[PDB]
>>> print(open('final.csv').read())   # CSV, C-alpha atoms and all ligand atoms
chain,number,residue,atom,x,y,z
A,4,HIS,CA,18.5,-8.9,1.1
A,5,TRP,CA,16.2,-6.8,-1.0
A,6,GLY,CA,15.6,-3.1,-0.4
A,7,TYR,CA,15.6,0.2,-2.2
A,8,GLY,CA,19.3,1.1,-2.5
A,9,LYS,CA,21.5,1.1,-5.5
A,10,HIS,CA,22.7,-2.4,-4.9
A,11,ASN,CA,19.5,-4.1,-3.7
A,12,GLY,CA,16.6,-2.0,-5.2
A,13,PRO,CA,13.8,-2.8,-7.6
A,14,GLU,CA,16.1,-3.4,-10.6
A,15,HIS,CA,17.7,-6.2,-8.6
A,16,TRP,CA,14.7,-8.0,-7.3
A,17,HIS,CA,14.1,-10.3,-10.3
A,18,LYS,CA,17.3,-12.2,-9.4
A,19,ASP,CA,15.7,-13.6,-6.3
A,20,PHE,CA,12.0,-13.1,-7.3
A,21,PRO,CA,11.7,-13.9,-11.0
A,22,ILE,CA,8.0,-13.1,-11.0
A,23,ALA,CA,9.3,-9.4,-10.9
A,24,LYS,CA,9.2,-9.7,-14.7
A,25,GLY,CA,5.7,-11.4,-14.8
A,26,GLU,CA,2.5,-10.6,-16.6
A,27,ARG,CA,0.6,-8.8,-13.8
A,28,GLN,CA,3.1,-6.8,-11.8
A,29,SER,CA,2.4,-3.7,-9.8
A,30,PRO,CA,2.4,-0.8,-9.5
A,31,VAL,CA,1.4,0.6,-12.9
A,32,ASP,CA,0.8,4.0,-14.4
A,33,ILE,CA,-2.9,4.8,-14.6
A,34,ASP,CA,-3.5,6.5,-17.9
A,35,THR,CA,-6.8,8.1,-17.2
A,36,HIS,CA,-7.8,8.6,-20.8
A,37,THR,CA,-7.2,4.8,-21.5
A,38,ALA,CA,-8.9,3.5,-18.4
A,39,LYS,CA,-12.4,2.4,-19.3
A,40,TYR,CA,-15.5,3.3,-17.3
A,41,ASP,CA,-17.2,0.0,-16.3
A,42,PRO,CA,-20.9,0.6,-15.3
A,43,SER,CA,-21.1,-2.9,-14.0
A,44,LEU,CA,-18.6,-2.0,-11.2
A,45,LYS,CA,-20.3,-1.7,-7.8
A,46,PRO,CA,-19.5,0.9,-5.2
A,47,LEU,CA,-16.9,-0.1,-2.7
A,48,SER,CA,-18.2,-1.2,0.7
A,49,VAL,CA,-15.6,-0.2,3.4
A,50,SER,CA,-16.8,-1.5,6.8
A,51,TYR,CA,-14.2,-0.4,9.3
A,52,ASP,CA,-16.4,0.4,12.3
A,53,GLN,CA,-15.3,-2.6,14.3
A,54,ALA,CA,-11.6,-2.5,13.4
A,55,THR,CA,-9.1,-3.6,16.1
A,56,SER,CA,-5.7,-2.2,15.5
A,57,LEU,CA,-2.9,-4.0,17.4
A,58,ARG,CA,0.7,-2.9,16.8
A,59,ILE,CA,2.7,-0.5,14.8
A,60,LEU,CA,6.0,-2.0,13.4
A,61,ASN,CA,9.1,-0.8,11.5
A,62,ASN,CA,9.7,-3.8,9.3
A,63,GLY,CA,12.9,-2.5,7.6
A,64,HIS,CA,11.1,-1.4,4.4
A,65,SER,CA,8.1,0.6,5.6
A,66,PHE,CA,6.1,0.9,8.8
A,67,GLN,CA,2.9,-0.9,9.3
A,68,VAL,CA,-0.1,-1.0,11.5
A,69,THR,CA,-1.5,-4.5,12.1
A,70,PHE,CA,-5.1,-5.4,12.8
A,71,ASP,CA,-6.9,-8.4,14.3
A,72,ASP,CA,-8.0,-10.3,11.2
A,73,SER,CA,-9.3,-13.4,13.2
A,74,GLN,CA,-13.0,-12.2,12.6
A,75,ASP,CA,-14.8,-10.0,10.1
A,76,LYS,CA,-14.1,-6.8,12.1
A,77,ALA,CA,-12.8,-4.5,9.3
A,78,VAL,CA,-13.8,-5.7,5.8
A,79,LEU,CA,-13.7,-4.5,2.2
A,80,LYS,CA,-16.4,-5.8,-0.1
A,81,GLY,CA,-18.2,-4.7,-3.3
A,82,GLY,CA,-16.4,-2.9,-6.0
A,83,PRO,CA,-14.8,-5.5,-8.3
A,84,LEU,CA,-14.6,-8.0,-5.5
A,85,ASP,CA,-16.5,-11.2,-5.0
A,86,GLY,CA,-16.7,-12.1,-1.4
A,87,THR,CA,-15.3,-10.6,1.8
A,88,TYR,CA,-11.8,-9.3,2.4
A,89,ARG,CA,-10.5,-8.7,5.9
A,90,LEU,CA,-8.1,-5.9,6.8
A,91,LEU,CA,-4.8,-7.2,8.0
A,92,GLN,CA,-2.5,-4.1,7.9
A,93,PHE,CA,-1.8,-0.8,6.4
A,94,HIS,CA,1.5,0.7,5.5
A,95,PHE,CA,2.9,3.5,3.4
A,96,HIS,CA,5.5,4.2,0.6
A,97,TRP,CA,7.0,7.7,0.4
A,98,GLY,CA,9.7,9.8,-1.1
A,99,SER,CA,12.7,11.9,-0.1
A,100,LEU,CA,11.0,14.9,-1.8
A,101,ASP,CA,7.3,15.8,-2.3
A,102,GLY,CA,7.3,15.1,-6.0
A,103,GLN,CA,7.9,11.4,-5.6
A,104,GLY,CA,7.0,8.6,-3.3
A,105,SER,CA,3.9,7.0,-4.7
A,106,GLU,CA,4.0,3.6,-6.4
A,107,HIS,CA,1.1,4.0,-8.8
A,108,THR,CA,1.2,7.1,-10.9
A,109,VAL,CA,-1.7,8.9,-12.6
A,110,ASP,CA,-0.9,10.1,-16.2
A,111,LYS,CA,2.8,9.7,-15.1
A,112,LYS,CA,2.2,12.1,-12.1
A,113,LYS,CA,3.9,10.9,-8.9
A,114,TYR,CA,2.4,11.7,-5.5
A,115,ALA,CA,4.3,12.3,-2.3
A,116,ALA,CA,3.3,9.0,-0.8
A,117,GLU,CA,0.9,6.1,-1.1
A,118,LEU,CA,-1.2,4.3,1.6
A,119,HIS,CA,-1.9,0.6,1.1
A,120,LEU,CA,-4.7,-1.0,3.2
A,121,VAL,CA,-4.1,-4.7,2.7
A,122,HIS,CA,-7.0,-7.1,2.8
A,123,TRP,CA,-7.3,-10.9,2.2
A,124,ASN,CA,-10.1,-13.0,0.9
A,125,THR,CA,-11.7,-14.9,3.7
A,127,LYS,CA,-12.5,-17.9,1.5
A,128,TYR,CA,-8.8,-18.8,1.7
A,129,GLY,CA,-8.7,-18.9,5.5
A,130,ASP,CA,-5.4,-17.1,6.2
A,131,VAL,CA,-3.3,-14.5,4.4
A,132,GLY,CA,-0.5,-17.0,3.7
A,133,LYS,CA,-3.0,-19.1,1.6
A,134,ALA,CA,-4.4,-16.0,0.0
A,135,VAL,CA,-1.1,-14.8,-1.4
A,136,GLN,CA,-1.0,-18.0,-3.4
A,137,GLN,CA,-4.3,-17.2,-5.2
A,138,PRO,CA,-5.0,-14.9,-8.1
A,139,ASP,CA,-7.8,-13.3,-6.2
A,140,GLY,CA,-6.3,-13.7,-2.7
A,141,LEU,CA,-5.7,-10.0,-1.7
A,142,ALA,CA,-7.4,-6.7,-2.3
A,143,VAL,CA,-5.2,-3.6,-1.6
A,144,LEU,CA,-6.9,-0.3,-1.3
A,145,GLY,CA,-4.4,2.3,-2.5
A,146,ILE,CA,-4.7,6.0,-1.5
A,147,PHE,CA,-2.5,8.8,-2.8
A,148,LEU,CA,-1.0,11.4,-0.4
A,149,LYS,CA,-0.3,15.0,-1.5
A,150,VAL,CA,1.4,17.6,0.7
A,151,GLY,CA,-0.9,20.4,1.8
A,152,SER,CA,-3.2,20.7,4.8
A,153,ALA,CA,-2.7,18.2,7.6
A,154,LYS,CA,-4.7,15.0,7.8
A,155,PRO,CA,-6.0,14.8,11.4
A,156,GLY,CA,-6.6,11.1,11.3
A,157,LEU,CA,-2.9,10.5,10.5
A,158,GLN,CA,-1.6,12.4,13.5
A,159,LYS,CA,-1.8,9.5,15.9
A,160,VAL,CA,0.4,7.5,13.6
A,161,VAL,CA,2.9,10.3,13.1
A,162,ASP,CA,3.3,10.9,16.8
A,163,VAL,CA,4.3,7.3,17.6
A,164,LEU,CA,7.0,7.0,14.8
A,165,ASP,CA,9.7,8.2,17.2
A,166,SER,CA,9.2,4.9,19.1
A,167,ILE,CA,9.8,2.7,16.0
A,168,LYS,CA,12.7,4.5,14.4
A,169,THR,CA,14.7,1.4,13.4
A,170,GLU,CA,14.0,-2.0,11.8
A,171,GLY,CA,12.4,-4.5,14.2
A,172,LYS,CA,11.0,-2.0,16.6
A,173,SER,CA,7.2,-2.2,17.4
A,174,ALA,CA,4.8,-0.5,19.8
A,175,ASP,CA,1.2,-1.0,21.0
A,176,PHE,CA,-1.1,0.8,18.6
A,177,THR,CA,-4.6,0.0,19.8
A,178,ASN,CA,-7.9,1.9,19.1
A,179,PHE,CA,-6.7,3.4,15.8
A,180,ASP,CA,-9.6,4.2,13.4
A,181,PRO,CA,-8.4,3.7,9.8
A,182,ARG,CA,-11.5,5.5,8.6
A,183,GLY,CA,-9.6,8.7,9.4
A,184,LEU,CA,-7.2,8.0,6.5
A,185,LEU,CA,-9.8,7.9,3.7
A,186,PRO,CA,-10.7,10.7,1.3
A,187,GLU,CA,-14.3,11.8,0.8
A,188,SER,CA,-15.0,10.0,-2.5
A,189,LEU,CA,-14.6,6.2,-3.0
A,190,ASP,CA,-14.4,6.5,-6.8
A,191,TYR,CA,-11.7,4.1,-7.9
A,192,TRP,CA,-9.6,2.5,-10.6
A,193,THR,CA,-9.1,-1.2,-10.5
A,194,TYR,CA,-6.8,-3.8,-12.2
A,195,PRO,CA,-5.3,-7.2,-11.4
A,196,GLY,CA,-1.8,-6.9,-10.1
A,197,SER,CA,0.8,-8.0,-7.6
A,198,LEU,CA,2.4,-7.3,-4.3
A,199,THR,CA,4.8,-4.4,-4.8
A,200,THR,CA,7.5,-5.8,-2.5
A,201,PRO,CA,9.1,-9.3,-2.7
A,202,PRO,CA,7.8,-11.9,-3.1
A,203,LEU,CA,5.9,-9.8,-5.7
A,204,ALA,CA,3.1,-12.5,-5.8
A,205,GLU,CA,0.5,-12.0,-8.4
A,206,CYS,CA,-2.4,-12.2,-6.0
A,207,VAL,CA,-3.8,-8.6,-5.7
A,208,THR,CA,-7.0,-7.0,-7.0
A,209,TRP,CA,-5.8,-3.4,-6.9
A,210,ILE,CA,-8.4,-0.7,-6.0
A,211,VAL,CA,-6.8,2.8,-6.3
A,212,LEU,CA,-8.8,5.7,-5.2
A,213,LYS,CA,-9.2,8.7,-7.5
A,214,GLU,CA,-9.1,11.3,-4.7
A,215,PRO,CA,-5.8,11.8,-2.8
A,216,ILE,CA,-5.7,12.7,0.8
A,217,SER,CA,-3.7,15.8,1.9
A,218,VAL,CA,-1.1,15.5,4.6
A,219,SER,CA,1.1,18.3,6.0
A,220,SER,CA,4.7,18.9,5.4
A,221,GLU,CA,5.4,18.2,9.1
A,222,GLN,CA,3.5,14.8,8.8
A,223,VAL,CA,5.5,13.6,5.8
A,224,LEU,CA,8.8,14.8,7.3
A,225,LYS,CA,8.2,12.5,10.2
A,226,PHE,CA,7.9,9.5,7.8
A,227,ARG,CA,11.3,10.6,6.4
A,228,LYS,CA,13.0,10.4,9.9
A,229,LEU,CA,12.5,6.6,10.1
A,230,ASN,CA,15.5,4.3,9.4
A,231,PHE,CA,15.9,1.3,7.1
A,232,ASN,CA,18.6,0.0,9.4
A,233,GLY,CA,18.3,-1.5,12.8
A,234,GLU,CA,19.5,0.1,16.0
A,235,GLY,CA,23.2,0.3,16.2
A,236,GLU,CA,23.8,0.1,12.4
A,237,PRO,CA,24.9,2.9,10.1
A,238,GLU,CA,21.9,5.2,9.7
A,239,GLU,CA,20.2,5.1,6.4
A,240,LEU,CA,17.0,7.2,6.3
A,241,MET,CA,13.8,5.3,5.2
A,242,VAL,CA,12.9,7.3,2.1
A,243,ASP,CA,12.1,6.4,-1.5
A,244,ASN,CA,10.7,3.0,-0.5
A,245,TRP,CA,8.6,2.8,-3.6
A,246,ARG,CA,8.7,0.5,-6.6
A,247,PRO,CA,8.4,2.3,-10.0
A,248,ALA,CA,5.6,1.6,-12.5
A,249,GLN,CA,5.8,-1.8,-14.3
A,250,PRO,CA,4.6,-2.7,-17.8
A,251,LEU,CA,0.8,-3.0,-18.0
A,252,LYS,CA,1.1,-5.9,-20.5
A,253,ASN,CA,-2.2,-7.6,-21.2
A,254,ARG,CA,-4.3,-5.7,-18.7
A,255,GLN,CA,-7.0,-3.0,-18.8
A,256,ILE,CA,-7.6,-0.6,-16.0
A,257,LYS,CA,-11.3,-0.1,-15.2
A,258,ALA,CA,-12.8,3.0,-13.7
A,259,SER,CA,-15.8,3.2,-11.4
A,260,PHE,CA,-16.5,6.7,-12.6
A,261,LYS,CA,-16.7,8.8,-15.7
B,1,LIG,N1,16.5,-9.9,-3.3
B,1,LIG,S1,17.5,-9.1,-4.3
B,1,LIG,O1,17.1,-7.6,-4.7
B,1,LIG,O2,17.5,-9.9,-5.7
B,1,LIG,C1,19.1,-9.0,-3.6
B,1,LIG,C2,19.5,-10.1,-2.7
B,1,LIG,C3,20.7,-10.1,-2.1
B,1,LIG,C4,21.6,-9.1,-2.4
B,1,LIG,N2,22.8,-9.3,-1.6
B,1,LIG,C5,23.8,-8.3,-1.3
B,1,LIG,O3,23.7,-7.2,-1.8
B,1,LIG,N3,24.8,-8.7,-0.4
B,1,LIG,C6,25.9,-7.9,0.0
B,1,LIG,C7,25.7,-7.4,1.4
B,1,LIG,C8,26.2,-8.4,2.5
B,1,LIG,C9,27.1,-7.7,3.6
B,1,LIG,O4,26.2,-7.2,4.6
B,1,LIG,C10,21.3,-8.0,-3.2
B,1,LIG,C11,20.0,-8.0,-3.8
B,2,LIG,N1,3.0,-3.1,-1.0
B,2,LIG,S1,1.7,-4.1,-1.2
B,2,LIG,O1,1.5,-4.5,-2.7
B,2,LIG,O2,0.4,-3.5,-0.5
B,2,LIG,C1,2.0,-5.5,-0.2
B,2,LIG,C2,1.0,-6.0,0.6
B,2,LIG,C3,1.2,-7.2,1.3
B,2,LIG,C4,2.4,-7.7,1.3
B,2,LIG,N2,2.7,-9.0,1.9
B,2,LIG,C5,1.8,-9.7,2.8
B,2,LIG,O3,0.8,-9.4,3.1
B,2,LIG,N3,2.4,-10.9,3.2
B,2,LIG,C6,1.6,-11.8,4.1
B,2,LIG,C7,2.6,-12.8,4.5
B,2,LIG,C8,2.8,-13.7,3.3
B,2,LIG,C9,2.8,-15.2,3.7
B,2,LIG,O4,3.7,-16.0,3.0
B,2,LIG,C10,3.4,-7.3,0.5
B,2,LIG,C11,3.2,-6.1,-0.2
B,3,ZN,ZN,2.5,-1.3,-0.3
>>> encode(input="final.csv", output="structure tokens")
Amino acid sequence: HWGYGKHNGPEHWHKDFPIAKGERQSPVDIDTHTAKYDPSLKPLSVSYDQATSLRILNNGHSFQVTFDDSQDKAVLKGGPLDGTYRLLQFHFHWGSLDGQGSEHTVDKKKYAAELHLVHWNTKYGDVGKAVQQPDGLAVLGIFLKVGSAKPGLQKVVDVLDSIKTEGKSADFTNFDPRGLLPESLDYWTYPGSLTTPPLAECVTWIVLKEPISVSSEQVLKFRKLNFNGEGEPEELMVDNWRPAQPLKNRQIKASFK
């Protein structure tokens, strides 16, 4: 199966997922001088006060925190979006070194990691239907740079020892994802895709301008996870990011000047 190694990495994915070479693939480089300020873009509405986290899971390609998405408990609205999008999960992509790890880039700059808060459009009823629609998902992407610690990330970091290998999960209730946001909600937006197979072209991307800072100790804990399952040769879960894809016939819009 697909992964991030020499023999199963992003350059191989098209053989099983031919949309990898499609017209609206993600991630992309955000060229800040070519993005256009759109004054019609509304501020994002992030409503996470009632979020109910459930589990944290090592899925063999990242780790993810899952939420109860059976009601409008944690929703994203506004911005470029029509309608209400429910938070299903968040996960990260990160590097083996601090100068790489993000999926999106900004003027070709790579960040140490990137957080994806994944939401689905409630008009489609469930996430499986939503992935089949051009406006089915909204992913809020947040860059991580290495510097001061992020207090709201620490509860995640401290449980990673319990989900070291693929398939492991743990209870992860009462986690507040608002602790992962930066101060500003200024964003870029463009139509794109999932950045892992099946690479479905169903995502409105909303990428925040302001990165969050995490400490070296926090990102080191990401890098101690394993791609492999327990009892298999150990391969550290690092560099689980897809590189920037061709922008093709798309314009990136900015909510700010
Ligand atoms: N989805 S993908 O990136 O196009 C892909 C799928 C299967 C493979 N298969 C593979 O490498 N098989 C050899 C390993 C089997 C022994 O455990 C590689 C890449
Ligand atoms: N890295 S990313 O672009 O934020 C991303 C987000 C969701 C997913 N997949 C997802 O939500 N799947 C829901 C199950 C699909 C049902 O067939 C894959 C990649
Ligand atoms: Zn992702």
>>> residues_around(input="final.csv", residues="residue 161 in chain A", least_positions_apart="6", cutoff="10 Å", atoms="only C-alpha atoms", output="MDAnalysis selection string")
chainID A and resid 221:226
>>> write_last_selection(input="final.csv", atoms="C-alpha atoms", output="PDB file, in the frame of the given file")
ATOM      1  CA  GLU A 221       5.400  18.200   9.100  1.00  0.00           C
ATOM      2  CA  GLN A 222       3.500  14.800   8.800  1.00  0.00           C
ATOM      3  CA  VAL A 223       5.500  13.600   5.800  1.00  0.00           C
ATOM      4  CA  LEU A 224       8.800  14.800   7.300  1.00  0.00           C
ATOM      5  CA  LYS A 225       8.200  12.500  10.200  1.00  0.00           C
ATOM      6  CA  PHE A 226       7.900   9.500   7.800  1.00  0.00           C
TER       7      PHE A 226
END
>>> residues_near_ligand(input="final.csv", ligand="ligand LIG 2 (chain B)", cutoff="7 Å", atoms="all atoms listed in the file", output="VMD selection string")
chain A and resid 119 to 121 131 to 132 135 143 197 to 201
>>> atom_distance(input="final.csv", atom1="CA of residue 18 in chain A", atom2="atom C1 of ligand LIG 1 (chain B)")
6.9 Å
>>> atom_distance(input="final.csv", atom1="CA of residue 82 in chain A", atom2="CA of residue 123 in chain A")
14.6 Å
>>> atom_distance(input="final.csv", atom1="CA of residue 5 in chain A", atom2="CA of residue 67 in chain A")
17.8 Å
>>> build_atoms(input="final.csv", residues="range 34-49 of chain A", atoms="N, CA, C and O atoms", output="PDB file, in the frame of the given file")
ATOM      1  N   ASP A  34      -3.210   5.492 -16.847  1.00  0.00           N
ATOM      2  CA  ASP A  34      -3.500   6.500 -17.900  1.00  0.00           C
ATOM      3  C   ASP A  34      -4.963   6.715 -17.913  1.00  0.00           C
ATOM      4  O   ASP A  34      -5.749   5.836 -18.284  1.00  0.00           O
ATOM      5  N   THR A  35      -5.367   7.899 -17.441  1.00  0.00           N
ATOM      6  CA  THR A  35      -6.800   8.100 -17.200  1.00  0.00           C
ATOM      7  C   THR A  35      -7.613   8.192 -18.445  1.00  0.00           C
ATOM      8  O   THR A  35      -8.822   7.942 -18.396  1.00  0.00           O
ATOM      9  N   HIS A  36      -7.003   8.537 -19.579  1.00  0.00           N
ATOM     10  CA  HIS A  36      -7.800   8.600 -20.800  1.00  0.00           C
ATOM     11  C   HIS A  36      -7.923   7.193 -21.447  1.00  0.00           C
ATOM     12  O   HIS A  36      -8.818   7.010 -22.278  1.00  0.00           O
ATOM     13  N   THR A  37      -7.103   6.216 -21.052  1.00  0.00           N
ATOM     14  CA  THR A  37      -7.200   4.800 -21.500  1.00  0.00           C
ATOM     15  C   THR A  37      -7.964   3.924 -20.597  1.00  0.00           C
ATOM     16  O   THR A  37      -8.476   2.889 -21.040  1.00  0.00           O
ATOM     17  N   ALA A  38      -8.079   4.269 -19.319  1.00  0.00           N
ATOM     18  CA  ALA A  38      -8.900   3.500 -18.400  1.00  0.00           C
ATOM     19  C   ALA A  38     -10.348   3.524 -18.930  1.00  0.00           C
ATOM     20  O   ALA A  38     -10.776   4.514 -19.527  1.00  0.00           O
ATOM     21  N   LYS A  39     -11.087   2.437 -18.761  1.00  0.00           N
ATOM     22  CA  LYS A  39     -12.400   2.400 -19.300  1.00  0.00           C
ATOM     23  C   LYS A  39     -13.447   2.398 -18.123  1.00  0.00           C
ATOM     24  O   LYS A  39     -13.346   1.574 -17.205  1.00  0.00           O
ATOM     25  N   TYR A  40     -14.408   3.317 -18.186  1.00  0.00           N
ATOM     26  CA  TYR A  40     -15.500   3.300 -17.300  1.00  0.00           C
ATOM     27  C   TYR A  40     -16.283   1.981 -17.424  1.00  0.00           C
ATOM     28  O   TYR A  40     -16.656   1.602 -18.541  1.00  0.00           O
ATOM     29  N   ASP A  41     -16.495   1.282 -16.313  1.00  0.00           N
ATOM     30  CA  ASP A  41     -17.200   0.000 -16.300  1.00  0.00           C
ATOM     31  C   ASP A  41     -18.487   0.235 -15.468  1.00  0.00           C
ATOM     32  O   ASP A  41     -18.422   0.253 -14.225  1.00  0.00           O
ATOM     33  N   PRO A  42     -19.650   0.416 -16.099  1.00  0.00           N
ATOM     34  CA  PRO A  42     -20.900   0.600 -15.300  1.00  0.00           C
ATOM     35  C   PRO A  42     -21.291  -0.561 -14.498  1.00  0.00           C
ATOM     36  O   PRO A  42     -22.120  -0.407 -13.591  1.00  0.00           O
ATOM     37  N   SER A  43     -20.752  -1.748 -14.776  1.00  0.00           N
ATOM     38  CA  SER A  43     -21.100  -2.900 -14.000  1.00  0.00           C
ATOM     39  C   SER A  43     -20.342  -2.905 -12.618  1.00  0.00           C
ATOM     40  O   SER A  43     -20.729  -3.670 -11.727  1.00  0.00           O
ATOM     41  N   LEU A  44     -19.314  -2.070 -12.450  1.00  0.00           N
ATOM     42  CA  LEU A  44     -18.600  -2.000 -11.200  1.00  0.00           C
ATOM     43  C   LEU A  44     -19.488  -1.458 -10.078  1.00  0.00           C
ATOM     44  O   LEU A  44     -20.103  -0.397 -10.232  1.00  0.00           O
ATOM     45  N   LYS A  45     -19.517  -2.148  -8.965  1.00  0.00           N
ATOM     46  CA  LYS A  45     -20.300  -1.700  -7.800  1.00  0.00           C
ATOM     47  C   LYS A  45     -19.556  -0.761  -6.951  1.00  0.00           C
ATOM     48  O   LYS A  45     -18.320  -0.696  -7.001  1.00  0.00           O
ATOM     49  N   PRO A  46     -20.253   0.057  -6.163  1.00  0.00           N
ATOM     50  CA  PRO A  46     -19.500   0.900  -5.200  1.00  0.00           C
ATOM     51  C   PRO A  46     -18.792   0.032  -4.202  1.00  0.00           C
ATOM     52  O   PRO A  46     -19.205  -1.087  -3.886  1.00  0.00           O
ATOM     53  N   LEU A  47     -17.659   0.549  -3.745  1.00  0.00           N
ATOM     54  CA  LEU A  47     -16.900  -0.100  -2.700  1.00  0.00           C
ATOM     55  C   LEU A  47     -17.764  -0.079  -1.400  1.00  0.00           C
ATOM     56  O   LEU A  47     -18.509   0.871  -1.139  1.00  0.00           O
ATOM     57  N   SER A  48     -17.632  -1.134  -0.611  1.00  0.00           N
ATOM     58  CA  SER A  48     -18.200  -1.200   0.700  1.00  0.00           C
ATOM     59  C   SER A  48     -17.018  -1.345   1.683  1.00  0.00           C
ATOM     60  O   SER A  48     -16.365  -2.392   1.752  1.00  0.00           O
ATOM     61  N   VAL A  49     -16.729  -0.266   2.393  1.00  0.00           N
ATOM     62  CA  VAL A  49     -15.600  -0.200   3.400  1.00  0.00           C
ATOM     63  C   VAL A  49     -16.318  -0.255   4.736  1.00  0.00           C
ATOM     64  O   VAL A  49     -17.034   0.686   5.104  1.00  0.00           O
TER      65      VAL A  49
END
